[PDB]
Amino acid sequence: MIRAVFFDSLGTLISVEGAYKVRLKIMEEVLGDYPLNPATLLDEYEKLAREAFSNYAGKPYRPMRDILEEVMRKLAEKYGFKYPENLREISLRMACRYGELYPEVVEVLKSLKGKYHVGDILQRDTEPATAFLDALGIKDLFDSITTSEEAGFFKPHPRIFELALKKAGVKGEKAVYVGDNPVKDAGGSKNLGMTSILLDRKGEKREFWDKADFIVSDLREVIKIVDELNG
């Protein structure tokens, strides 16, 4: 039977408008009156971030805040603005202020928490990630929160999933993983026997549906999938 349901909250439960706005507001704060369009800085930042993290996939963990500060140092050098001090404080304040959940998230976590181990699996430094979940109001709705910093390796390394399963006290065949990227999950979670649910809210990942056991566009579908897997 299914006894655990794992999510990737900061990645499958944060609205796209909210996440973009958090990041835009960070760039606006970094730049102040410097004459660079914050949306261009954000685009360039995202590119470099993705690159830098690509170099780390599967590798031993390194604080992501350190990685993102190195990226921002390159952007400051590129565009000529002064490197912002206390970038991680700016980022945490903006996340807590403008972060926003998809509308059905709280209901789905509450409905599941009574009958399953409800877990979060996050590739984020544990301290800011947990503060963000606290600010979003959902930290205590999870039975467990597991991070790459705790596991010691970046996805798709499976250690993060192994640790999340240990916290739930079950082997992977008893668990579902809800994610939005079947790359970091299939190379890690499918090896452990977990059932993968791909969240594709706008039907834009059809070329990756084959790497998922189920596809949903609304998180309320997850409850039905698991209740039936158990019926």
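Note that residue numbering follows the sequence shown and begins at 1.
In this crystal structure, the stretch out of 106 to 114 and 143 to 151 whose C-alpha atoms carry the higher mean B factor is 106 to 114.
Comparing 47 to 55 with 184 to 192, the higher mean C-alpha B-factor in the PDB entry belongs to 184 to 192.
Based on the entry's C-alpha B-factors, the most elevated value among 169, 63, 179, 38 belongs to 179.
In this PDB entry, the Cα temperature factor of residue 5 sits in the bottom third of its chain's modelled residues, the lowest group. Per-chain ranking of the deposited C-alpha B factor places residue 211 in the highest third. Ranked against the other modelled residues of its chain, the C-alpha B-factor of residue 69 as given in the entry falls in the middle third. Placement of the Cα temperature factor of residue 22 within the chain: lowest third of the modelled residues, per the deposited record. Ranked within its chain, residue 128 lands in the lowest third, by CA B factor from the PDB record.
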